[PDB]
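Engineer: One structure, as structure tokens, below. Some questions next.
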There are 2 protein chains.
Amino acid sequence: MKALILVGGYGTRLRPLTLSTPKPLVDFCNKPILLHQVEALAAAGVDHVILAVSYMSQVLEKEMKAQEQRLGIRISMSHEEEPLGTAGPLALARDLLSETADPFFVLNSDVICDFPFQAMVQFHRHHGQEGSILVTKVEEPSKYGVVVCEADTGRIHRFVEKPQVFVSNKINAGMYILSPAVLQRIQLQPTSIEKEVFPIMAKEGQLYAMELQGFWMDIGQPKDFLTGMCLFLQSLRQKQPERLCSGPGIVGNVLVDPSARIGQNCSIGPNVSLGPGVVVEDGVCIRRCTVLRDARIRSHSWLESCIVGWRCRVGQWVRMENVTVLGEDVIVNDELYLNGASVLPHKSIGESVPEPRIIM
Amino acid sequence: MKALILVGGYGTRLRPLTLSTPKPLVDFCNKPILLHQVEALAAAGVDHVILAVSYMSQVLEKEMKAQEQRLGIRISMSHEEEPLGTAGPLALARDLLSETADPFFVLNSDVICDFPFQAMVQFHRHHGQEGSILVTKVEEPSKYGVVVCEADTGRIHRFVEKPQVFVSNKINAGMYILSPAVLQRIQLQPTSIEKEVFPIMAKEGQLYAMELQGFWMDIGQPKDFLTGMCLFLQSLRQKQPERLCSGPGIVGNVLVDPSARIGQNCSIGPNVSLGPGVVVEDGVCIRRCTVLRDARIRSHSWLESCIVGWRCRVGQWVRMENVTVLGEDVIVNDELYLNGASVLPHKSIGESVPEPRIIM
Ligand SMILES: Nc1nc2c(ncn2[C@@H]2O[C@H](COP(=O)(O)OP(=O)(O)OP(=O)(O)O)[C@@H](O)[C@H]2O)c(=O)[nH]1
Ligand SMILES: Nc1nc2c(ncn2[C@@H]2O[C@H](COP(=O)(O)OP(=O)(O)OP(=O)(O)O)[C@@H](O)[C@H]2O)c(=O)[nH]1
């Protein structure tokens with residue numbers, strides 16, 4: 001049993017992180033999201049995964065070929081020149097998914113959740129048709145495409161792409177299991193699967209919907225990165241509570257790498273990830289922020305709801321609030337205020353940014 | 001006699017273009033800026049030109065070994081692991097510029113002008129001292145650092161970085177002729193030369209200043225890129241008037257590459273440089289704009305004062321004004337309006353941008 005991962009290129013959202021390394025290679029709770037997905041996928045028992053990339057990503061082939069030898073499952077490498085979309089990647093890796101008539105996982109990279117792989121296999125064997133789709137609950141139907149499910153069967157009736165009508169609560173979760181006949185329906189042109197291929201299958205009624213328990217987040221956006229951060233630390237607190245670092249100046253769910261250093265007399269608040277090799281100085285308050293690797297946060301700073309990129313240097317007495325994202329190698333001078341500043345990589349900030357704008 | 005070229009790392013202005021190719025590799029009037037500078041340096045008779053990179057730029061390595069076998073002059077590549085700034089590159093390549101006791105050029109890449117190399121050599125031999133600076137006029141002194149000039153000697157009494165006192169009209173033009181004893185003064189720490197080293201040479205009175213006639217531009221900025229493109233097409237009109245393409249639907253000084261295609265019944269206005277392989281369709285008005293290579297502009301569009309990146313697709317009835325820089329592979333949909341839209345690469349725009357803002 002095989003599994004395709006969609007990890008083509010350039011996540012548009014969260015652009016200051018995607019400009020430096022690819023979107024599946026950014027560090028989500030001190031680990032890339034692709035390592036989370038292939039880690040759970042080898043926990044499922046999938047033999048070999050296949051990864052479909054349009055962007056040339058030599059650092060990603062380096063990481064995945066080290067990870068292929070690290071974990072014990074093989075990794076084949078679907079390579080594309082022109083952006084092939086989301087359906088086209090199944091049709092390039094076509095003959096290999098045609099080699100065995102057995103249902104295969106199809107996964108989006110930007111979703112982090114608690115993966116029910118074998119329960120989804122068991123649902124797909126229990127319903128016995130072509131495609132199985134994973135759906136979740138949200139609180140805001142006016143953002144994502146709603147799907148309507150029948151009770152006790154989970155069959156699709158209609159796939160609706162726009163909101164504001166309220167025919168259904170449930171939302172695409174980005175996990176599919178597909179049969180090879182679905183792949184026979186997919187052509188090599190760059191078209192999207194969820195835009196047309198899932199719509200005719202829903203018009204045939206071929207898809208069925210399986211529901212999750214909870215803890216789902218697409219983290220393709222930076223505010224969605226921070227909410228999925230918050231929910232992943234809550235799920236780690238409730239599954240492996242010895243892995244979060246606890247202490248006297250530590251509040252809530254805090255996960256700290258062993259390479260990370262935390263200074264004397266500072267209160268690190270709830271729902272934070274500190275990357276490997278970060279240096280926190282004295283008097284620094286960190287709440288709901290994600291600090292990626294080798295980023296030094298100097299003394300007496302205050303930081304709320306932010307993404308500090310790799311090898312940054314925020315000075316002393318900087319205030320940082322409202323989901324500002326720093327790119328790689330961003331130096332922030334002393335005594336500055338950042339609110340909504342999406343700062344591009346290799347920038348030096350000496351102004352305060354009172355209002356949300358992009359610094360380049 | 002040789003020349004050092006500051007070439008290295010991530011020009012933060014002109015960023016929509018900098019994120020795809022390096023800053024000396026962007027095409028300025030159907031030619032990269034570095035090919036302009038090395039082309040003029042080989043017209044001067046410089047033996048070998050050394051360029052100092054800190055950003056890993058393998059494509060620059062690639063076009064520079066192609067240009068090494070093109071122009072007949074050797075190219076040496078000083079490599080820096082972390083940023084050494086603009087004085088550090090003098091110190092890293094310092095044993096090569098210490099091999100011969102000649103005065104050497106050191107150049108900024110973002111300056112495009114009519115290069116008076118041998119006149120600067122004659123001026124440096126006449127004044128007979130340590131360092132010679134090129135200076136030029138400006139219309140607003142409140143933007144750039146001013147430098148005072150004595151008549152009939154050209155010596156620099158004082159170097160002022162900050163404006164708004166009006167002691168001098170003249171501005172640094174980005175070309176220096178330096179002795180080996182300047183590079184014995186120079187140090188291996190990432191300091192910049194125009195911060196500290198030129199100020200203590202001006203403090204010793206050791207600097208002298210040579211004045212340009214006209215046609216100077218620093219094109220590190222996109223509006224400055226368009227103004228320098230206007231000035232370069234004016235100087236190209238007065239020097240090689242048979243190289244600019246003339247026609248019935250062509251107004252002003254227009255440079256068209258031989259691979260570029262221009263459709264019927266369209267009005268290409270003044271100061272327009274079309275790159276190699278661009279496709280201008282039927283009824284497109286383009287004034288004051290720079291269209292880089294492989295970019296298609298579909299029918300009935302209107303473009304004024306804009307930089308169209310590589311492999312773009314501007315749709316039909318699109319209006320673009322106010323220095324809207326499109327990055328690489330930007331698909332603008334039909335019937336849109338862009339005013340100041342500084343669009344990042346690999347974007348698709350479906351909305352009008354009425355005010356100047358950054359689209360990521
Ligand atoms: N390999 C390949 N992967 C692609 C291509 N287009 C999209 N993908 C992947 O498709 C998956 C899901 O698509 P999206 O949720 O829209 O993510 P995205 O393509 O990164 O776009 P944004 O997140 O909005 O910036 C992502 O993991 C992408 O990496 C492609 O052309 N080639
Ligand atoms: N090779 C090397 N080159 C550098 C470095 N820093 C600056 N340079 C070069 O110094 C030259 C002049 O500096 P600037 O005019 O400020 O240009 P810039 O470094 O591109 O910065 P911006 O144009 O404002 O984005 C440019 O051609 C840069 O390529 C460096 O750290 N390593």
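Identifiers in this document derive from the order of the structure tokens: chains are assigned A, B, ..., residues are numbered from 1 separately in each chain, and ligands are numbered from 1 in order of occurrence.
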Would you list the residues that come within 10 Å of ligand 2? Count only C-alpha atoms and all ligand atoms and give the answer as a VMD selection string.
Structural biologist: (chain A and resid 346 to 347 360) or (chain B and resid 5 to 15 18 22 to 24 34 51 to 56 77 to 90 107 to 111 174 190 to 192 194 218 to 221)
Engineer: Set the distance at 7 Å and use only C-alpha atoms: which residues neighbour segment 290-295 of chain B once local chain neighbours fewer than 5 positions away are removed? I'd like the list as a PyMOL selection string.
Structural biologist: chain B and resi 27+272-279+306-313
Engineer: What does the distance between atom CA of residue 270 of chain A and atom CA of residue 352 of chain A come to in Å, to one decimal place?
Structural biologist: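 Pair atom CA of residue 270 of chain A / atom CA of residue 352 of chain A returns 25.7 Å.
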Engineer: Distance atom CA of residue 298 of chain B-atom CA of residue 332 of chain B, one decimal place?
Structural biologist: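 Value for the atom CA of residue 298 of chain B-atom CA of residue 332 of chain B distance: 10.1 Å.
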Engineer: Looking only at the backbone, which of the residues in segment 223-309 of chain A does DSSP tag as strand (DSSP E), as a list in words?
Structural biologist: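 Strand (DSSP E) members of segment 223-309 of chain A, listed: residues 254, 255, 256, 261, 262, 272, 273, 274, 279, 280, 285, 286, 287, 290, 291, 296, 297, 302, 303, 304, 306, 307 and 308 of chain A.
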Engineer: For the selection just defined, write its residues with N, CA and C atoms to a file, as a compact mmCIF listing (two decimals), in the first residue's frame.
Structural biologist:
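Everything below was put into again-v1.txt:
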# COMPACT_ATOMS: atom_id res chain seq x y z
N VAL A 254 4.65 24.25 26.85
CA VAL A 254 5.87 24.76 26.24
C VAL A 254 6.74 23.58 25.82
N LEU A 255 7.12 23.54 24.54
CA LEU A 255 8.05 22.55 24.03
C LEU A 255 9.34 23.23 23.57
N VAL A 256 10.46 22.77 24.13
CA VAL A 256 11.78 23.35 23.97
C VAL A 256 12.71 22.24 23.50
N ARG A 261 18.45 27.25 24.46
CA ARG A 261 18.87 27.79 25.75
C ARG A 261 17.87 28.86 26.18
N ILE A 262 17.51 28.83 27.47
CA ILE A 262 16.58 29.79 28.06
C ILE A 262 17.30 30.48 29.22
N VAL A 272 4.01 27.67 23.01
CA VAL A 272 5.19 28.13 22.28
C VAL A 272 6.06 26.93 21.91
N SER A 273 6.79 27.05 20.80
CA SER A 273 7.76 26.06 20.36
C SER A 273 9.08 26.80 20.22
N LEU A 274 10.11 26.33 20.89
CA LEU A 274 11.40 26.91 20.62
C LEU A 274 12.25 25.92 19.84
N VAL A 279 18.51 31.02 21.40
CA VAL A 279 19.09 31.60 22.60
C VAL A 279 18.11 32.64 23.12
N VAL A 280 17.52 32.37 24.28
CA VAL A 280 16.62 33.31 24.96
C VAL A 280 17.40 33.95 26.08
N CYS A 285 9.68 37.72 27.50
CA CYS A 285 8.37 37.10 27.62
C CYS A 285 7.92 36.62 26.24
N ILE A 286 7.63 35.32 26.13
CA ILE A 286 7.25 34.67 24.87
C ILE A 286 5.92 33.98 25.12
N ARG A 287 4.86 34.43 24.45
CA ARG A 287 3.57 33.76 24.52
C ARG A 287 3.03 33.54 23.12
N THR A 290 6.21 31.04 17.74
CA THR A 290 7.02 29.93 17.26
C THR A 290 8.37 30.49 16.85
N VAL A 291 9.43 30.04 17.51
CA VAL A 291 10.77 30.52 17.24
C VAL A 291 11.51 29.40 16.54
N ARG A 296 18.16 34.14 17.75
CA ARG A 296 18.50 34.71 19.05
C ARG A 296 17.55 35.85 19.39
N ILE A 297 16.89 35.74 20.54
CA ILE A 297 15.94 36.74 21.03
C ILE A 297 16.57 37.41 22.25
N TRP A 302 9.37 41.47 24.50
CA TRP A 302 8.03 40.94 24.68
C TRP A 302 7.51 40.48 23.33
N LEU A 303 6.97 39.26 23.29
CA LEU A 303 6.63 38.63 22.02
C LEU A 303 5.32 37.87 22.20
N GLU A 304 4.31 38.23 21.40
CA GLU A 304 3.02 37.55 21.42
C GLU A 304 2.55 37.26 20.00
N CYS A 306 3.63 35.32 17.22
CA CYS A 306 4.57 35.57 16.15
C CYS A 306 5.39 34.34 15.74
N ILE A 307 5.97 34.43 14.56
CA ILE A 307 6.78 33.42 13.90
C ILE A 307 8.14 34.05 13.64
N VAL A 308 9.13 33.70 14.45
CA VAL A 308 10.49 34.20 14.30
C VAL A 308 11.25 33.21 13.44
Engineer: Can you tell me which residues surround residue 162 of chain B at a distance of at most 8 Å, considering only C-alpha atoms, apart from same-chain residues fewer than 5 positions away, and format the answer as an mmCIF file with N, CA, C and O atoms, in the first residue's frame?
Structural biologist:
data_model
loop_
_atom_site.group_PDB
_atom_site.id
_atom_site.type_symbol
_atom_site.label_atom_id
_atom_site.label_comp_id
_atom_site.auth_asym_id
_atom_site.auth_seq_id
_atom_site.Cartn_x
_atom_site.Cartn_y
_atom_site.Cartn_z
ATOM 1 N N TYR B 144 20.704 61.949 -0.577
ATOM 2 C CA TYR B 144 21.970 61.239 -0.699
ATOM 3 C C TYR B 144 23.067 62.015 0.016
ATOM 4 O O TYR B 144 22.948 63.224 0.222
ATOM 5 N N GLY B 145 24.147 61.321 0.369
ATOM 6 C CA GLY B 145 25.225 61.963 1.103
ATOM 7 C C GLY B 145 26.060 62.873 0.218
ATOM 8 O O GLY B 145 26.440 62.517 -0.900
ATOM 9 N N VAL B 146 26.371 64.053 0.744
ATOM 10 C CA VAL B 146 27.002 65.106 -0.031
ATOM 11 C C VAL B 146 28.497 65.125 0.266
ATOM 12 O O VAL B 146 28.960 64.728 1.339
#
Engineer: So that I can check the surroundings of residue 74 of chain A, please list as a list in words every protein, DNA and RNA residue that reaches within 10 Å of it, counting only C-alpha atoms and ignoring chain neighbours fewer than 5 positions away.
Structural biologist: residues 46, 47, 48, 49, 50, 64, 65, 67, 68 and 69 of chain A
Engineer: Grab the atom 17 (O, counted along the ligand's line) of ligand 1 to atom CA of residue 133 of chain A distance for me, in Å with one decimal place.
Structural biologist: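 Between atom 17 (O, counted along the ligand's line) of ligand 1 and atom CA of residue 133 of chain A the gap is 17.6 Å.
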Engineer: Quick check for you: according to DSSP on this backbone, which residues of segment 230-349 of chain A are classed as alpha helix (DSSP H)? Reply as a VMD selection string.
Structural biologist: chain A and resid 230 to 239
